[PDB]
Amino acid sequence: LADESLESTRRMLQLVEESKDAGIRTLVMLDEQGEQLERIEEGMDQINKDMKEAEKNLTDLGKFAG
Amino acid sequence: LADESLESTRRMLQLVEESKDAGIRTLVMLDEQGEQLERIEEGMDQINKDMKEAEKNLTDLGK
Amino acid sequence: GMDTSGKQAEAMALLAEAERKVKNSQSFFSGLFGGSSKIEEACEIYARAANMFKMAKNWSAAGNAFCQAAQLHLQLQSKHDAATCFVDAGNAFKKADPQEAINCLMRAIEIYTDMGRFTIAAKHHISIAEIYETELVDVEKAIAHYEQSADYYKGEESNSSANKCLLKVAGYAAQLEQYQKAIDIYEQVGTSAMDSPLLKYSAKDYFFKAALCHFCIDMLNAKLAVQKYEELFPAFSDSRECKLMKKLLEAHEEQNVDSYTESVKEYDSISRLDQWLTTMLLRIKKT
Amino acid sequence: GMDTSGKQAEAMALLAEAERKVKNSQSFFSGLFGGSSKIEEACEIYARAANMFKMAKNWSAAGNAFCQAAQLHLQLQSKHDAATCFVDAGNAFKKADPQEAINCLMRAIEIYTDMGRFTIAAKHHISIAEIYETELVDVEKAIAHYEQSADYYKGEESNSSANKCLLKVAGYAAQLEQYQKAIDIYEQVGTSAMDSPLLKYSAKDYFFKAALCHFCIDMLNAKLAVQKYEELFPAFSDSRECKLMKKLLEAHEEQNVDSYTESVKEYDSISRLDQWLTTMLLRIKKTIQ
Amino acid sequence: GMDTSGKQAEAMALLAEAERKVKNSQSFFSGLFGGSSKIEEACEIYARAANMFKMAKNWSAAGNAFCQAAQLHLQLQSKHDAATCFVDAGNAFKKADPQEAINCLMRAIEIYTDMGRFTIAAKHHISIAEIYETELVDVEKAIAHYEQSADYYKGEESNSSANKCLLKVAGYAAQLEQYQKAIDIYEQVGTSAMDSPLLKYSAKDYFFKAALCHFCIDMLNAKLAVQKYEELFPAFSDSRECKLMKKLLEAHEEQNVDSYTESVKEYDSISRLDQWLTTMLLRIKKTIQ
Amino acid sequence: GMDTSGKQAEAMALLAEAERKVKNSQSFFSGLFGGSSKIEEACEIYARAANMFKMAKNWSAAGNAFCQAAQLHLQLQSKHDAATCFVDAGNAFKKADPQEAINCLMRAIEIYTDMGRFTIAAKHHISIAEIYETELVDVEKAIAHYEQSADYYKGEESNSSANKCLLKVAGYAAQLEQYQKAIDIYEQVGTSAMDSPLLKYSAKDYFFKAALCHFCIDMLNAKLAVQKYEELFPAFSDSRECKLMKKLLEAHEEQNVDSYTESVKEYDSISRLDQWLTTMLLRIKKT
Amino acid sequence: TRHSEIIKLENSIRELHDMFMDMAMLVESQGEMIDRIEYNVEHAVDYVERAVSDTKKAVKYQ
């Protein structure tokens, strides 16, 4: 009873601490990708708008020339 | 006390099984996102190469 | 709000001046034949009037304007813009009346398939299937749409999306009591998942559902099927699901309802069950 | 700082050149023709000066230069450059003085919704709401901004962000606004989450908050609310929140402060209590009579 | 199905039309000298026909058409589009003929690395190795491809991908090839993860693997490596794997098969096997004498 | 092996062709004024030669070629391609000899900040700090680089990026017997971490760290700081860290060295400590 | 001593549960955003491709 109980408490403690630390670490890292992903969306939409307006204006100018 | 220990054991069982079940699907979702990332990367690389070559050719032709 | 409704009436007047633009196409464009950009700006005013309609929460009017702009714009040119307008009209029609959303989405599907963009076509296929599930009652049309989308996805080695689509299709078919297809799909997906170290914890449920489907049809061959599964996956017996299935099938050898009822209640005491599983068990165990 | 000293010196030099360039602009608008390109170069130098001022830590000067460049740019039949410059000025004014940042961000929002990009407009609205609530001591305008953001998000099919926004606004309103809106929003979000497998295991908290809001007004209606919830959601009966609520209402029936206090203390013993929940419990206690 | 038959008919019609188009283009270049638009439109027709054909559920001829279109396009000094079409043809032939897909993918890899792109080249190398090993029974080519992919990844400090490739290579080598290379790769990868942010407690497994390889070579080397790891990584002292390995060592020392058998049985009972450790343990037991 | 030898042979061939190209290009510009197309062709030759040098596993010469191309291109009144070449040369020089890599990365950062973009400059700054830390011992330059990158990141509202840099700077400052900066950074980040719905759980850890270093002064100040933190975070006492700090304080007040050592060992056994914590605790024990 | 173990077990299990729910929520949000950005990127790719094609044809007309 004593030996098995000591084994159980030791293993439970170590496993629980490992899982807790790993969970907190994943929690902290997720936010970095979140913010970067906001940034990449910003850049993507800016690119889309710029290229769309550029091409439409250029087609209009080409039609004016021709 | 011993019956308190047994009911707490039931609680531990339920919590652990629920956490594992949710873990499985969370891992599946992570796999799906990892799959999509490669395709978006490839499409972005293709567009970058195409626009670079096209604009450089047009600029050279303008001369 | 109330103020933006007056400007929505002004946007109806914008549609009236767009009617004047098509009147230009009718009569004045003979002298303005070079004004194709005039048609383009007519489409632009159409689009922003439809945007004002959308901001005015007139979903039917917004969809009508979207469809009219798409029809005028798809002059065999700028097909992708027409497809974008059609999908916008379909999204607007999703609320209120979604019937014509199906037709506009099918037209967009045809346009994309002609272009060859399989991913967006399959996503729209899933969208139409799910709107069928949630709004209408037909399942066969949703089944066909899901099969087509799964084919398109598996064409480009997108195995996860196809696998989940096939899982949903197999579940619905099991609800529609077509068990051969269900067991085929479940075995395929489970065995494929067992290939990768990522998804090796998920098979248990797949194999459990496949065993249930098989045991529904032929109880005698269920023992052979479960034995084959166990020898295929040596860690399939240790799971509680295999033990419960073995207990149920061994108890069914004797006509004793109490044993299986207590088994299912005991299993339910650790975790709640789902509607599909409970309904399937209630139907099968009746005899 | 020597680097900062030289940075400020060249910043003043660029400001003087920008003054000369506005002289050029007013001369090319009244004396010469074709000054659109010249004032575009003026805008370029203005943007350079504003960026390097931002580098110099002089946020007010950078924001003022950004705003001047933006308002000058508006006149060139250009709107997206105006929107970007307005957003830059608002970001610069976020710190130090944010009052004019609200006005500039509202102008940018108006222009954006004029074009039709709603998602970015919703994000800017949520930024305005967060800055107002964190820095400005007033909540009603925050409530309005959150309502607008939720409307925009739910109108674009972005369900999750709208759900979080609605939950936040309802929870905040429950503090200083009638609980009817809180009850309605909590019930709506719980119903939406139940079918979905995402928050189905967390909807118990939302039901608990709705039940607390019901209790803070009256008891009989609270009993009807809890029985309806447990009828519609059978699994809530085993929830420890259900037993806690039943014990609390049973104690309240007899008007015993002692039992209620000991029960809430026991509940606090495990896990931990929250500021809002503690305030709600105190408020309902204070009317025991 | 009507769709399949109609699509096949129109695809064959398009193929004949494209052949006649290219022949009349060769004629017209001398007849009229129209430049290169004729060949470009023939290639457009070829691409359209090939994509429709692959949509028609038939693959081999679609890949052949893709190869022909890519070759004709590359004939006009255009490479990137030809490389993409080569990749598509290889993907299509993946399920039709492995050899042609491998040839096309090799051509794409060489041209891409000539351009300067390496990550895509490494991905193509990994795909080639995966297709080679999954269906064709061969390793050495797979090992070389994985090594090349790891080299390309490490050339651009892609530590994770190169680490995975080298781990797979070392595993395969230990399974079949000699053990020295497996020892070096396993030890290096295990010791290059002492300060991992999340993987602080994962390197232990790697170390264990290395020891087994040493234990496969000789007893003296095995014990020396165990001692060196013990001194190098103090935490390895407290690992259950360390106790298991010491027990196996002391059992094998005195030549008592019963002790080793019961130890391995208990180890399997406590934790489930992996199908790789069991084979090495069987090979070790085969030399108990 | 053979492929590398052939690549290097043709690379020397192309380098001879490239020196011929530049010489004859300047000659032809002088004698004929052909423009700048030849200079662009020489730049492309340099770029491809550097690429095949990298393929040949000669990073020093590849970086030299990249730097030559970058300087020739910036001489051509164009920056972005020159910046790309400079960063490529820096990446090539990362291994082998990283000294000139620092200078070239400085030039890249200078041009980037001149343009007005911050995030890439911050990335280069952190990379340079990492290079200095891993290969050199002058931690002052690393501190400066980390602080500058952190300042850029906070100015650009990238609080998450700034937090990691601040934590690294605080740790390094505490390492070199300097406690004011460590205390300030740790307490500031802990305070700003109070309201984080996610980070709140870890918000305790930083606080504890501060207390430890704040004890490097003396018994008393430490008590005031820890009790202030406990008031500010009422739940801080729930964790064993406050119990351990109280044990340390009470044992050190009475000079109970054996009990202090045993408590530290017990904490190590239940949860092991890292090099930094062990060194700090041993330093505290010295007095 | 075992009662302290069971109390700490309950606390840590409860904490891990709540953590996991938060991670699931965040992962879902990230996936939603990835879907929308992939759609937009593909649309931009197609638009620029047809833009370059039409511009090249227009130049050829000259």
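What follows is calculated from the coordinates using simple rules that are stated; it is not laboratory data. Heads up, the Cβs are rebuilt from the backbone with ideal geometry, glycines too, and the neighbour counts pull from every protein chain shown.
Quick look at the values:
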{"item": "Output for region D:57-73, where each listed residue is surrounded by fewer than 16 Cβ atoms within 10 Å (Cβ to Cβ), in a helix (DSSP H, G or I) and out of contact with any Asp or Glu (no Cβ under 8 Å at 6 or more places or on another chain)", "result": "D:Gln71"}
{"item": "Answer from C:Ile109, C:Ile143 - the residue that is within 14 Å of another protein chain (Cβ to nearest Cβ) and surrounded by 17 or more Cβ atoms within 10 Å (Cβ to Cβ)", "result": "C:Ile109"}
{"item": "Residue check, E:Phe236 within 14 Å of another protein chain (Cβ to nearest Cβ) and assigned to a helix (DSSP H, G or I)", "result": "yes"}
{"item": "Cβ pairs under 8 Å, 6+ apart, first in region E:63-86 and closer than 15 Å to E:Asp114 by Cβ, second surrounded by fewer than 19 Cβ atoms within 10 Å (Cβ to Cβ) and among the β-branched types (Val, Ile, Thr)", "result": "E:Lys79/E:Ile111; E:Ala82/E:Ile111; E:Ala83/E:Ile111; E:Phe86/E:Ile111"}
{"item": "Any pair with Cβ under 8 angstrom, 6 or more apart, that starts in region F:263-275 at a residue that is within 13 Å of chain A (Cβ to nearest Cβ) and ends at one that is outside any helix (DSSP H, G or I) and not aromatic (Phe, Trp, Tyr)", "result": "F:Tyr267/F:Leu273"}
{"item": "Members of region G:1-27 found to be more than 7 Å from chain B (Cβ to nearest Cβ) and not aliphatic (A, V, I, L, M), listed by number", "result": "G:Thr1, G:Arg2, G:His3, G:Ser4, G:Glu5, G:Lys8, G:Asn11, G:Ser12, G:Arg14, G:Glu15, G:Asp18, G:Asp22"}
{"item": "Failed condition for F:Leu224, given (1) closer than 25 Å to A:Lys20 by Cβ; (2) surrounded by fewer than 18 Cβ atoms within 10 Å (Cβ to Cβ)", "result": "(1)"}
{"item": "Some residue of region C:74-94 being crowded, with 16+ Cβ neighbours inside 10 Å and farther than 25 Å from D:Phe118 by Cα", "result": "yes"}
{"item": "Residue within region C:16-24 that is within 17 Å of D:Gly116 (Cβ to Cβ), surrounded by 13 or more Cβ atoms within 10 Å (Cβ to Cβ) and of a type in the set (A, V, I, L, M, F, W, C) present", "result": "no"}
{"item": "So E:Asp205, is it part of a helix (DSSP H, G or I), within 25 Å of E:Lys168 (Cβ to Cβ) and of a type in the set (D, E, K, R)", "result": "yes"}
{"item": "Any hit, region A:21-31, residues being within 30 Å of D:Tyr112 (Cβ to Cβ) and either at the interface with chain G (Cβ under 10 Å from one of its Cβ atoms) or free of Cβ contacts under 8 Å to residues at least 24 places away in the same chain (or both)", "result": "yes"}
{"item": "Search result, residues across region G:15-59 that are among the aliphatic types (A, V, I, L, M) and either touching a residue at least 40 places away in the same chain (Cβ under 8 Å) or closer than 24 Å to F:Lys200 by Cα (or both)", "result": "G:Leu16, G:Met19, G:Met21, G:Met23, G:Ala24, G:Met25, G:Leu26, G:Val27"}
{"item": "Of the criteria (1) in contact with a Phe, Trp or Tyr (Cβ under 7 Å, 6 or more places away or on another chain); (2) more than 27 Å from D:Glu157 (Cα to Cα), which one C:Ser161 fails", "result": "(2)"}
{"item": "Positions within region E:88-100 being surrounded by 23 or more Cβ atoms within 10 Å (Cβ to Cβ) and within 13 Å of another protein chain (Cβ to nearest Cβ), in sequence order", "result": "E:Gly90, E:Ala92"}
{"item": "Condition met for F:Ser149 (within 20 Å of F:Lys95 (Cα to Cα) and part of a helix (DSSP H, G or I))", "result": "no"}
{"item": "Filter result for the condition that a residue is within 14 Å of chain D (Cβ to nearest Cβ), within 23 Å of C:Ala89 (Cβ to Cβ) and among the charged types (D, E, K, R), over C:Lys57, C:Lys21", "result": "C:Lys57"}
{"item": "E:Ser37, sole failed condition from (1) surrounded by fewer than 19 Cβ atoms within 10 Å (Cβ to Cβ); (2) touching a residue at least 12 places away in the same chain (Cβ under 8 Å)", "result": "(2)"}
{"item": "Filtered residues of region D:175-200 (kept if exposed (fewer than 14 other Cβ atoms within 10 Å of the Cβ) and assigned to a loop (DSSP other than H, G, I, E, B))", "result": "D:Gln178, D:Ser196, D:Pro197"}
{"item": "Residue among A:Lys56, A:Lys49 that alone is more than 7 Å from chain G (Cβ to nearest Cβ), within 28 Å of G:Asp54 (Cβ to Cβ) and in contact with a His (Cβ under 9 Å, 6 or more places away or on another chain)", "result": "A:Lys49"}
{"item": "Residue match in region E:260-271 (condition: β-branched (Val, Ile, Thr), crowded, with 17+ Cβ neighbours inside 10 Å and within 24 Å of E:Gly171 (Cβ to Cβ))", "result": "yes"}
{"item": "Residues satisfying the stated conditions in region G:42-56, i.e. within 10 Å of chain B (Cβ to nearest Cβ) and either among the charged types (D, E, K, R) or within 14 Å of the chain's Cα centre (by Cα) (or both)", "result": "G:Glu42, G:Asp46, G:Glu49, G:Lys56"}
{"item": "Residue ID - nearest to E:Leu244 (Cα to Cα), chosen from residues in region E:254-283 that are among the polar types (S, T, N, Q) and more than 14 Å from chain C (Cβ to nearest Cβ)", "result": "E:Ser263"}
